[PDB]
Amino acid sequence: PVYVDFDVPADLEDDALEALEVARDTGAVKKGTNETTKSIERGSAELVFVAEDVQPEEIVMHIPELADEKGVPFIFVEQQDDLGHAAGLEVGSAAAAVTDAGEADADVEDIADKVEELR
Amino acid sequence: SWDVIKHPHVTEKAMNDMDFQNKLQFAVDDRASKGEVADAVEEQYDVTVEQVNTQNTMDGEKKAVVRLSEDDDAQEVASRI
Amino acid sequence: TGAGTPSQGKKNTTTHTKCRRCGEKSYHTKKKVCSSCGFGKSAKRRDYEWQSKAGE
Amino acid sequence: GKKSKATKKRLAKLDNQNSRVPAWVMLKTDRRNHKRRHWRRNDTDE
Amino acid sequence: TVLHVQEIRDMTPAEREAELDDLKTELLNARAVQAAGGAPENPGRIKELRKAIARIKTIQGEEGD
Amino acid sequence: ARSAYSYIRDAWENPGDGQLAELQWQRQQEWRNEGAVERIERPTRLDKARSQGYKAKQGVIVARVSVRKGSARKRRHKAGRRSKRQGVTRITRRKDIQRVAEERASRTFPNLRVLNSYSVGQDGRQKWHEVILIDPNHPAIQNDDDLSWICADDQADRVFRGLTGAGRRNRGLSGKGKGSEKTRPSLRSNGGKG
RNA sequence: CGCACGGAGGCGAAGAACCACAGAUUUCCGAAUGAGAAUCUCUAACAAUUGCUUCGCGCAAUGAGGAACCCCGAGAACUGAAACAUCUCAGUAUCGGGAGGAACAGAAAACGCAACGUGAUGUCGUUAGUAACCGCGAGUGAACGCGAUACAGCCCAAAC
RNA sequence: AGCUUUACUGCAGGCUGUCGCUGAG
Ligand SMILES: [Cl-]
Ligand SMILES: [Cl-]
Ligand SMILES: [K+]
Ligand SMILES: [Mg+2]
Ligand SMILES: [Mg+2]
Ligand SMILES: [Mg+2]
Ligand SMILES: [Mg+2]
Ligand SMILES: [Mg+2]
Ligand SMILES: [Mg+2]
Ligand SMILES: [Mg+2]
Ligand SMILES: [Mg+2]
Ligand SMILES: [Mg+2]
Ligand SMILES: [Mg+2]
Ligand code: NA
Ligand code: NA
Ligand code: NA
Ligand code: NA
Ligand code: NA
Ligand code: NA
Ligand code: NA
Ligand code: NA
Ligand code: NA
Ligand code: NA
Ligand code: NA
C-alpha cells in the first residue's frame, strides 16, 4: 500500500512466482525480509519479491527505495503465504530474493524487464 | 449422605393419628420432599403410602404425617418398634 | 410531633439482617449490602486501618 | 411477618439455646446459662 | 467391639453393604425406641452402631468398595 | 550489513516524516475506533519488541493500549486546605502514561505478566503504547532459557509493584550514583521523598 | 469414655486411653464460579477475564485470606512558627492496587578522599546535625569515604 | 465556627491569545 507504487497484473505475478519455485530448485533464494535485505545490500540479489498484505508495513517499507539505490529489481506479490509457499516454506513470507536464479535466468530477466516497463 | 427418615415422632397427637386415622408421624430430613418421604416409608416398613403431609417445625426438623392404605394398619406397623 | 418518643412508634421496618457471609446482623436487606463485611459491595472483606490505633 | 425456612431454623436454634443447664451437669461439675434470652426483655438478630 | 476391623475386611463388598444396611436398621430402631422414651436402652450400643457404620464405610473406601 | 530491523528503528526515530508519517495518519483512524486494550497478532515496531524481549513464540502476547494525554484528572478539595494544597489544574500524577498503559493491559490479561512496553505514537488527545505480555504457565515459556525467569512466583503482578522497566525508570532508579539517594533500594524505604 | 468430679451404661490383653506422622470422611453460606437468595432455592454449569488450543471449557491461569513486615500509586489536618500564607506537622494519618517468606535493590553511560585511587546491592556503625535547604525565621537535612555484615556473577537485542 | 465584602492570599469556573492534534492551494 504505502510502499506499493504500481500494480502487478495477476498473470505477471503468476510467471514471477513460477520462476521463484524453479529458482529454489535450480538456483538460490533467500526467504525472510532480513535475509532479503542483506542480499540487496551485499549485491547478491537478482530479483526480490515483496508481499502487499504485510502488517505492519514497516517490515518492508524500506525494500523499494533500497532496491532502487542498488539496481536490484523487485516485484510485488498480493498474498504473503503464496510467496512463502513459492520460496518453499510451510509458512508465509513477507519478502524473498532470488539470489542467482537457475534455468529461470531467462524468465527472471524478462520479468525484470516487464516490470521496469510497468514503470 | 443423609438418610430420609430420622425417627418416629411419638407423641399423644401422633398416637391419635395412628389409632384413629391410620397415620404414622416421622421426623424426616428437611431436604426431603413428600414423594421421597413416601418411598422411604414403604421401603422400610413394607406398606402402601396413600398421602404425606409435611411441616417444618420450630425444632429445626421436618415432621411428616403419613397415611397408610386401608390394607396396612398403622398401629401394627408402629408396634414392631 | 416530637422527634423523640412519639416518632419511635413507626419503627417497624426491617433493614439490617443476619449476613449470609459474615454472620453479623448487618446485611441491609433493602440495599443488599453488609455494613460489616462489605458482602454485596466487595469481593474482598471490608476492613479499615482506622478500626484500631494508628501504631497498632 | 413472613419468615423464611432459614430464619425459622435460626429462631428454632435460639429457642433451644434458651434452655437451662441440666441438673446433672451441676453435679458432674460439683457446681448458670449466661445466654438466657427473654422474648420481651431481649432482642434477637435479623 | 462386637465388630472388629479384621472381620470387616474379611467380608466381601456385598457382605459389608449387607452388614451396613443391617446396622443402620438396628440404629434406626434404637432411635425409635429412644423417641418413645423407651428405657430398655443400652447407651453404649447406640454409640457403637455409629462407630461400626463409620468403620464399614471407611473400609469400603479403602478396599475400593 | 544493516539488519532489516535497523530500518524499522531508523524509521521510528522520526514518526512525523516519510512513509511512517502517512502510515500513522492512517492507522490512528482505525485505532481511535478500537478499544482501550486491543490484542494484536504482530508488533508494530518489530525491532523495538525483539529488542525488549519479544519472540515469535507461544505464550508471548502483544496489545496496544490507549491512555488520555495530560495532567491528573483531579477533583477540587471539599474541605479545608491551605493554599498550597488547593490546586487542581497543575497537579500531575507521579506515574507516567506508559506505566498506566502497562497496568491497564496486565489487568486485561490476569494470567499474563508484563515483560515490557514501548510507544507507538499519539494524536492530539491520547497516547498509544504496545505492551508485551508473557504466559508464565505455558511450557513453551517455562522451557525458554531467556524468558523462564518471569515464571517465578516473585514475578507475580510485577507491573503493579513497579518491577517493570518503565516502572524502575519512573522510580528514579536509572542512576547508580548522585541523585539516587532517595530512590534506591526503594521509594518507600526512603520515606517516600524521591 | 474432653472441659465436667452426675445417673445409667459401655470400651480396653483382639493392647483401648493418650501422642506423632500419614490417610478417610468433611453438610450449607463463604473468592463463591450455572442462576437466583439475609446461610435457602431453581433447571447441567471453570461465572467473569485471559493464555494454549485437537477452536470442545479440551488443557491451564486469575479472583480471596493472612500478625505485622514489603513494594507501587492517592494523600490531609489539628500542630509548630508563641498570629499566619511559604515552611512545619509529613510524604505522617488515612485511602487505592499488589508480592513473598521475607520483599525491594543489584553487576556502573558509578565514584571524583582528583588518584599510579575505589570497584554490583542492601544493611549496621560512623562520616554529621557536617554540606545543602529556609518569611536565610522557626525549622529541615544528605552523600562520597571509612570500619563492619555478607559476598557472585551473569542473560538477551544486533552483527555473522 | 457560621456569614459578608472594592480585607490579605489563593483556588475552581467563564472569556481570550498561543502551541499540539493540523492537511492541500
Ligand atoms: Cl504483571
Ligand atoms: Cl575511593
Ligand atoms: K498548616
Ligand atoms: Mg405446608
Ligand atoms: Mg432530630
Ligand atoms: Mg420450649
Ligand atoms: Mg452461586
Ligand atoms: Mg502557630
Ligand atoms: Mg529495604
Ligand atoms: Mg516569626
Ligand atoms: Mg522534610
Ligand atoms: Mg558522593
Ligand atoms: Mg473565625
Ligand atoms: Na428429632
Ligand atoms: Na423482643
Ligand atoms: Na496480569
Ligand atoms: Na524528590
Ligand atoms: Na476435616
Ligand atoms: Na479455574
Ligand atoms: Na474452551
Ligand atoms: Na502559637
Ligand atoms: Na490563630
Ligand atoms: Na521556607
Ligand atoms: Na458559627
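Numbering starts at 1 and runs along the chain as it is shown here.
Placement of Cβ uses the backbone N, Cα and C atoms for every residue, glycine included.
Quick look at what Swiss-Prot lists:
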- C:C19, C:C22, C:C34, C:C37: Zn(2+) binding site (BINDING)
- C:19-37: zinc finger (ZN_FING)
Sparsest-packed of the listed binding-site residues (C:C19, C:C22, C:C37) - C-beta count within 10 angstroms: C:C22
Counts of helix, strand and coil residues, the zinc finger (C:19-37), according to DSSP: 0 helix, 4 strand, 15 coil
Sorted by sequence, non-C:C19, C:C22, C:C34, C:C37 residues with Cβ within 8 Å of centre, Zn(2+): C:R20, C:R21, C:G23, C:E24, C:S26, C:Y27, C:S35, C:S36, C:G38, C:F39, C:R46
Intrachain C-beta neighbours of C:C34 (Zn(2+) binding site), sequence separation six or more, cut-off 8 angstroms: C:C19, C:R21, C:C22, C:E24, C:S26, C:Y27, C:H28, C:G40, C:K41, C:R46
